[PDB]
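One structure is given below, encoded as structure tokens.
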Amino acid sequence: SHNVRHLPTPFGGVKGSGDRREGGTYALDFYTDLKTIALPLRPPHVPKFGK
Amino acid sequence: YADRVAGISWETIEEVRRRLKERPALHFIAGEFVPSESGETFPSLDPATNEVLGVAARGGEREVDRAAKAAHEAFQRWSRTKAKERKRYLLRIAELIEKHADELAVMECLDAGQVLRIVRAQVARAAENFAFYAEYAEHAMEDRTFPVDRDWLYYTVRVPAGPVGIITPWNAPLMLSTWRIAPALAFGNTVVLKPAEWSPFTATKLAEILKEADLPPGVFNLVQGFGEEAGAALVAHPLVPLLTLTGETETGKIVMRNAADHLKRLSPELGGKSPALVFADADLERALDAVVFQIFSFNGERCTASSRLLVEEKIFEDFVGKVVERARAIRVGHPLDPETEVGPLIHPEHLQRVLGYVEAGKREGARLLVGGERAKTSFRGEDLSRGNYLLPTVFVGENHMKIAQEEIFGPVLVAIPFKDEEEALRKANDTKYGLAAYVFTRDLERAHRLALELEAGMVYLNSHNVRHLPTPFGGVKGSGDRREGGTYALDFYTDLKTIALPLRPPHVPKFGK
Amino acid sequence: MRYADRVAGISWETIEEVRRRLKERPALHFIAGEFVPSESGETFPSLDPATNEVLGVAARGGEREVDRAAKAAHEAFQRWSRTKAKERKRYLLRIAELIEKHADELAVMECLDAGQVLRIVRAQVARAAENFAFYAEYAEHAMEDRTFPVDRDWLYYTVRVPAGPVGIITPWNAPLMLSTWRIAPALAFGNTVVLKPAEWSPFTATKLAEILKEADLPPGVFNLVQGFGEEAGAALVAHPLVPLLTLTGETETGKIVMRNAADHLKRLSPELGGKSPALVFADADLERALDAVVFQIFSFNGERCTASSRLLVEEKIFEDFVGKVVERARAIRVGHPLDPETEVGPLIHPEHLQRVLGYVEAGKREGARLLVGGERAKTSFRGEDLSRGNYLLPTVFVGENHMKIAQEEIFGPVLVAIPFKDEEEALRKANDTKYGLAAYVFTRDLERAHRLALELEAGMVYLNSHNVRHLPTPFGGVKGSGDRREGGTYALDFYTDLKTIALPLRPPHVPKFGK
Amino acid sequence: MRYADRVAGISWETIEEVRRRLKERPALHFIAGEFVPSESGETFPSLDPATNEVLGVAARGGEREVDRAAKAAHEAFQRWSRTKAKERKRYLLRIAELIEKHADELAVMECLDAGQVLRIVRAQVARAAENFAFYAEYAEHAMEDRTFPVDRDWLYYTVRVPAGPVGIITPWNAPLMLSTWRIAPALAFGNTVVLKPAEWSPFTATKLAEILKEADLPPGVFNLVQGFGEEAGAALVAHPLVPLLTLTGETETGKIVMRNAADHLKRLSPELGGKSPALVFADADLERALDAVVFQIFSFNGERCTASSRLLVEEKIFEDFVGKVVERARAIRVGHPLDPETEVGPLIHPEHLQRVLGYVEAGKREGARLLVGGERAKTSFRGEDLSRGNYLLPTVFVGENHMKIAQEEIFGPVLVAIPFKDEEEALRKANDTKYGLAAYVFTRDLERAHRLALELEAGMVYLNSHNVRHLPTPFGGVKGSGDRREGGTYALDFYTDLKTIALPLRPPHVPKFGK
Ligand SMILES: NC(=O)c1ccc[n+]([C@@H]2O[C@H](COP(=O)([O-])OP(=O)(O)OC[C@H]3O[C@@H](n4cnc5c(N)ncnc54)[C@H](O)[C@@H]3O)[C@@H](O)[C@H]2O)c1
Ligand SMILES: NC(=O)c1ccc[n+]([C@@H]2O[C@H](COP(=O)([O-])OP(=O)(O)OC[C@H]3O[C@@H](n4cnc5c(N)ncnc54)[C@H](O)[C@@H]3O)[C@@H](O)[C@H]2O)c1
Ligand code: NA
Ligand code: NA
Ligand code: NA
Ligand code: NA
Ligand code: NA
């Protein structure tokens, strides 16, 4: 077929045609920043320095 | 990081020492160790004594060219090797790193100046990086299906992106190099590593190990040398489309600018000025331990160091005072000593830069509470004038100060006060960086609220930096872009492909009918 | 009594009109695209819980009506499951639009039929519309899944397909909201439907069918059969043409339905009973905690599955906090559903009031301390006589977790407060029931909160708040509270079937046999 | 008959040794960390399908044994579900390692007991080891799910927790592979286990228990109870302390089990029967197709659930293709399981052989045209007398899709060839079964292949190949072939419970009640 698009799919090129992707959730990787949040559920082990 | 680590036998240490000065650390290109065509080499100092530990081949654009061609030539076969086979190699590499752990530890301890109580964990993590990504090799092509009713089928897959140029820092040579090498190889890409000139030895050792694992020739290449020479050449080379960089922000700008020439994909993990926010309601005993460790461990030479300490005014005097006393008690000594907590900085030129910030801090009004000068004696009475030792330092200052705004990359902490949550957050985000942040408080809603508003790639609540490999690791703002870790690394090391196909005769517009 | 010109934004004129149409028009089944009575002509009445007077009648469906409905859903499944997702999306949006247009009628109807305060029922109509608007956006993603390529030798990919007609059996407390909760995803995902609503509040379902017909859904896609659980209900569960069954009701009903469903190995998605606990620690925001626990048990006349019927309070604050819960319960205004001043209305049916009162009596006899309520409400907040309706006074007991009133679901405005000396004991008692739907934790301590959230055996845990839902999250329970999940993509696992498709990219090695 | 010095890389000496060990050592239960016999002391024998002589005996477990096993699994669940994922991974890798270490013994044991060709059983042992090595890598990801933040007001996040003790009930054809297929995921995900293996081939299970004890799993984590389906099996299904149940067997058994499971609303993961079709089109690579269909039905002695028991061939090539299938079947070497040249061994039990012959007979009276086989194999390809074993000659019938032999699972080396006029018809007949496990399509046309793959009612569709599995993909069936999926992350939906945790980031609005 010819170029028939389904918007949710990752759209973009490789080599000299560019980088990154547009389309649904793939667009998210470019327009947003990921953040990892951590928290212990009980007193964790913390290395002792200067004790 | 255990509270106690075993020492390495005297004999092993002495054997590593002589092997380093006995033979130059060569490049590894197209399956074999070779020197630069010029025959030139450069020295690497032992930060504890500033004596030459050994020398490494001084690679230039000629060695990089051979390395890039080797990686390009081997990409065809490597990217097509079965994932299960690549997994086998990575697990083998992980096995061998464990087998040579003592050697690697001594090597990095002497070359980079990190203490054994930290290095042992680094070597273990280096092996873990390979064991970890080995399990992702078989899932490297996986993505999604996007069927449209009974008319079309769209499905996506991932393919290896291509040769990867890995430029690593001098603070944790093996750890940070394997962190990039492991995923790259797991995902079907070949590699050209360019180690920091201030700590080139563990890289050549890693190359020996990969050769012992019988990795196909050209798959992994190494080129020792200066950033301005071998480094710059690698960034500029047409056959290495991907570049990972771990270093200073300004270096990132230089690398990016030069990378534009070939529209290269970059994965930079740059600097940071990560803040630690301590609230009056937190477990202050745990907070004290966490903050002291997060800035002084790694000799303060790590991107995620909590170089700014924001403490709620009502407890500023008491808490910061306790931080000072702890820093004062830090054991400063030789890296090989298993009791040492803080060792010498990487090179005298770096110690000079750090002392420069200390002086600048004084000249701008910052109040020096402890340290701020070279360490003369160790916790064992040993004279430390021959090494690049800096005493753990603590300043009380303002967030807008130079020492609070720029990365020092040394065991130097700046304590800043805040009247309330709003101000703590404002000051925490008022930096050009955005790598990590630490929040100490017992209030549930305050914790999550701050975690959401803190501009950083990583936020740790009530603890020091404790990592879980599958999570996305990286920074925002001036701390870089892209993410490493599990499937998140996939987005950088591979390319997405959308494949479409109609399930029945589709509508095709008629032209020229 | 005309309490006001408008209630919940609805004119009193509309209220009287709806009441009149209910008495005039029998609630019929909707089968194969038409409203029809039972072949026997039989009907059953539905009472107005506020007066116990007959509101109207609904067709009494049986095996025959169910058989016709199932055949219709089955016959229509072929075409419906192949319609373009974009088109099904259009229908769901149309249904949501029409629910909004008939919002006033729906609110009044369900209010009169099930006894909840009008404004709350009105808000529920909005949620019902939202159910369709929400899933309308998942229809076009309903076939999506993953690819599992294996080097350059194989390509494995997975897709999802409509599972088949769904028999939806719902409870009497929230007819519109709880039925649309299942209907919307079923339709969005390409399945046909046969709804069998609770017999104690049948009207809203027949109205819903009218709306789906106004939305012009194809004939057979949506069918309705009114009737008793043991008659129309059991017939639907037993029918061989309805492979999927959703059930929202009592745990014991879950057992009966599953047993009956075994003959055809039907797939079941049960949302059953609950005895959700609220744990209040001395370090929490006690003002918010008080507002939350009072609301979470007494709102919706105590007839809410996620109600926090067990209140666990740390000992050091038990006397004061529980004392405050009691005074708030005492202040709750009890009255007619159509009175804007009412906070707690009447229970669904006199039989249900007798059951709830039976538990109140069980509690008194087993040693539980009755602090307030524990009997019929005689007079409304306005001084009206309420003896004709099924009104129960908000009730609070102080007891032990092993007591029957603590272990069994009462499903009425009845609360049992239980003390705990520490976190460990709060958790032990919280998990010590055969249920596991929801749990509520009130504490300001970060680590204790997440720790308890992870340890509490429940499908849903709310930290420092009442029940506030976010549709994309997985909803359901564990233990005796059911299985499976509803909500966004999680609903897909029940309404669709996964399929793994494989193909070699080059000639694979086929073991040679007989060659 | 000593066929060779070594078979499947196993010395004849080892074979003889395993054989005598079976006669000397009764297969005991493994409860609470120790091997024990039934309290009654009863046992039952297991036959050698090749000679129908007693190989040995296994403890006949009943309610008392199951009760003890269930209590052990329950008691151990508390600590096992709390062990660190990294530690459980170590255990599974240890088990995998020890399975490879005892591979020869396991291969012989199951070969002798279940009758499959030794080399095939040996390959299966490698797959069993792989089951543990595969799921070992998922243990550390077993709690993972999603986050659903709502602006700056709420944080909803979901996690998964171990669901509880799992009762695993397995079939007689492939003991080790099919039991480990469920045990591995169950343990990787934090659940304890009670295994109840098919009575016709009990030995391998007791050996597996010896291996897990060698891997030093904590007491009670893995339990085994030997016995009959209606005794030990039913007791396990009915036990209140075993909330989850995996069943791999006949569809009829699935109905019985679901009905029994209803009493405690147990979660079931059934992998039932099948009548998988192979569709061969005139445009396909007919040489590959021939190899594929011959293998897919006659391998594993025709006792494979995914066997392509129905062969749909396009009319214009029916005569030529089915003719070739027939000659290949005629050439298949029938003989002893320990003879390296044997392609087809004996069926599991004389009762099964007779059950299969029953269908063969039914097919004939039914009008099906027998082309080859259709009776007991009395002589091996070497001229040996096989009359004392349960050998069936590979069989091929030409029939109609509506015939009983086409509609019912025979579970033996019996094929039914059926013609079709076009794609439309091939699809119609392929789906017209009460089953829906697998399907195989042989055609070179891209659009027809994907089109058929999407429409074929089966959990797994293979294009232009025999059954080649990739573990991460969802495995299971639709309709009468079962429900739920196994494989990678898909197994998580059955072995764990989802939990939605919610917390406001700032004081939320709680409706005011009673004030
Ligand atoms: N988990 C949830 O999300 C949820 C939501 C709402 C209500 N509920 C629960 O529902 C209950 C209120 O239930 P209810 O009074 O409507 O009870 P119920 O179970 O008797 O009614 C539910 C449906 O079951 C049908 N039914 C009854 N017996 C049947 C049988 N033998 N075969 C087939 N169908 C049969 C009824 O006709 C009705 O439509 C409470 O326990 C409440 O906690 C749970
Ligand atoms: N879907 C799959 O992946 C798969 C895999 C292998 C075999 N199978 C199927 O399994 C069948 C072979 O089955 P089988 O001969 O072992 O049959 P079966 O169902 O009789 O045996 C399976 C298990 O069921 C137990 N069982 C029997 N009656 C029981 C009862 N009343 N209560 C509790 N447990 C009971 C048996 O003891 C045995 O361990 C075939 O139909 C085949 O298609 C399916
Ligand atoms: Na050095
Ligand atoms: Na009613
Ligand atoms: Na009921
Ligand atoms: Na046997
Ligand atoms: Na059987």
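Per chain, numbering begins at 1; letters A, B, ... match sequence-line order. One-based numbering, in listed order, for ligands and for the atoms of each.
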What protein heavy atom is closest to [atom], reported as residue, atom name and distance in Å?
atom: atom 9 (C) of ligand 1; result: C:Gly249 O, 3.5 Å
atom: atom 30 (C) of ligand 1; result: C:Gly229 O, 3.5 Å
atom: atom 17 (O) of ligand 2; result: D:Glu250 CG, 3.4 Å
atom: atom 8 (N) of ligand 1; result: C:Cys305 CB, 3.5 Å

Taking 4.0 angstrom as the limit and counting only heavy atoms of [X], give me the atoms of ligand 1 inside it, by number and element.
X: C:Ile256; value: 31 (N)
X: C:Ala234; value: 32 (N), 33 (C)
X: C:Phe475; value: 3 (O)
X: C:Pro197; value: 39 (O)
X: C:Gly273; value: 41 (O), 43 (O)
X: C:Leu178; value: 6 (C)

Nearest option to [atom], as decided by whichever heavy atom of [options] sits closest:
atom: atom 1 (N) of ligand 2; options: D:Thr251, D:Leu272, D:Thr306; value: D:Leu272
atom: atom 24 (O) of ligand 2; options: D:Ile348, D:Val237, D:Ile169, D:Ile168; value: D:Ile169
atom: atom 23 (C) of ligand 2; options: D:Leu236, D:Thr170, D:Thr253; value: D:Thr170
atom: atom 12 (C) of ligand 2; options: D:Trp181, D:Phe228, D:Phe411; value: D:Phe411

Applying the side-chain hydrogen bond (donor to acceptor under 3.5 Å, both in side chains) criterion to C:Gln116, which one of C:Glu110, C:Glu303, C:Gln124, C:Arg304 satisfies it?
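Testing each of C:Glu110, C:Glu303, C:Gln124, C:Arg304 against C:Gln116, the sole residue satisfying side-chain hydrogen bond (donor to acceptor under 3.5 Å, both in side chains) is C:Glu303.
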
Min side-chain heavy-atom separation [X]-[Y] under 4.5 Å:
X: D:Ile410; Y: D:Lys275; value: yes
X: D:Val66; Y: D:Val194; value: no
X: D:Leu471; Y: D:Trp181; value: yes
X: D:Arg182; Y: D:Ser269; value: yes
X: D:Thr206; Y: D:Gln226; value: yes
X: C:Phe203; Y: C:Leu112; value: no

Relative to ligand 2, is D:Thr248 under 4.0 angstrom through side chain, backbone, both or neither, heavy atoms considered?
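Near ligand 2, D:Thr248 shows its backbone as well as its side chain.
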
Does C:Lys196 use its side chain to pair, donor to acceptor, with the backbone of C:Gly167 at less than 3.5 Å?
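Looks like no, no N/O pair under 3.5 Å.
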
Examine distances only and state if a side-chain atom of D:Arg469 and a backbone atom of D:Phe475 form a donor-acceptor pair shorter than 3.5 Å.
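It does not hold such a pair.
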
Check for me whether C:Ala198 has a heavy atom closer than 4.0 Å to any atom of ligand 1.
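So C:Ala198 counts as touching ligand 1.
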
Decide, counting backbone as well as side-chain atoms, whether [X] has an N, O or S atom less than 3.0 Å from the Na ion (ligand 4).
X: C:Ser201; value: no
X: C:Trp200; value: yes
X: C:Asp113; value: yes
X: C:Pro49; value: no

Numbering as shown, the atoms of ligand 2 that approach [X] to under 4.0 Å (heavy-atom distance):
X: D:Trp172; result: 14 (P), 15 (O), 16 (O)
X: D:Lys196; result: 36 (C), 37 (O), 39 (O)
X: D:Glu409; result: 40 (C), 41 (O), 42 (C), 43 (O)

Is it the case that more than 12 heavy atoms not belonging to C:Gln407 sit under 6.0 Å from its CD atom?
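Atom CD in C:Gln407 is crowded, with more than 12 foreign heavy atoms closer than 6.0 Å.
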
Considering the options C:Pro175, C:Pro45, C:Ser46, which one meets the side chain to side chain contact (heavy atoms under 4.5 Å, CB included) requirement together with C:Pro202?
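When C:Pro175, C:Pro45, C:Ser46 are each tested with C:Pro202, the side chain to side chain contact (heavy atoms under 4.5 Å, CB included) holds only for C:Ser46.
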
May I ask you to decide if the ring planes of C:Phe228 and C:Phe44 are parallel, tilted or perpendicular, using 30° and 60° as cut-offs?
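Correct class here is tilted.
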
Verify the contact flag for atom 21 (O) of ligand 2, where contact means a protein heavy atom under 4.0 Å away.
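For atom 21 (O) of ligand 2 the answer is no, since every protein heavy atom stays at 4.0 Å or beyond.
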
Would you say ligand 2 has an N or O under 3.5 Å from any N or O of D:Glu199?
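Yes: some nitrogen or oxygen of D:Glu199 is under 3.5 Å from one in ligand 2.
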
Decide whether an N or O pair under 3.5 Å exists between D:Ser481 and ligand 2.
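The answer is no, given that D:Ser481 and ligand 2 share no N or O pair closer than 3.5 Å.
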
Mind listing the closest non-hydrogen atom pair of C:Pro49 and C:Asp113 along with its distance?
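Between these two residues, the closest heavy atoms are CD-O, 3.5 Å.
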
C:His352 vs C:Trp172, ring-ring contact (aromatic ring centres under 6.0 Å, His included): CA-CA, chis, key distance, verdict
CA-CA 11 Å; C:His352 188 56; C:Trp172 54 254; 5.0 Å; yes

Option from C:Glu250, C:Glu408, C:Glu409 for which salt bridge (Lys or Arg N to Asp or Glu O under 4.0 Å) with C:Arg355 holds:
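Testing C:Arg355 for a salt bridge (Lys or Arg N to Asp or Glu O under 4.0 Å) against C:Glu250, C:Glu408, C:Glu409 leaves exactly one candidate, C:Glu250.
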
Any N or O of C:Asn173 that comes nearer than 3.5 Å to an N or O of ligand 1?
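No - when backbone and side-chain N and O of C:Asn173 are compared with those of ligand 1, no distance drops under 3.5 Å.
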
Side chain to side chain contact (heavy atoms under 4.5 Å, CB included) assessment of C:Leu498 paired with D:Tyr490:
CA-CA 10 Å; C:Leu498 277 163; D:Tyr490 299 92; 3.6 Å; yes

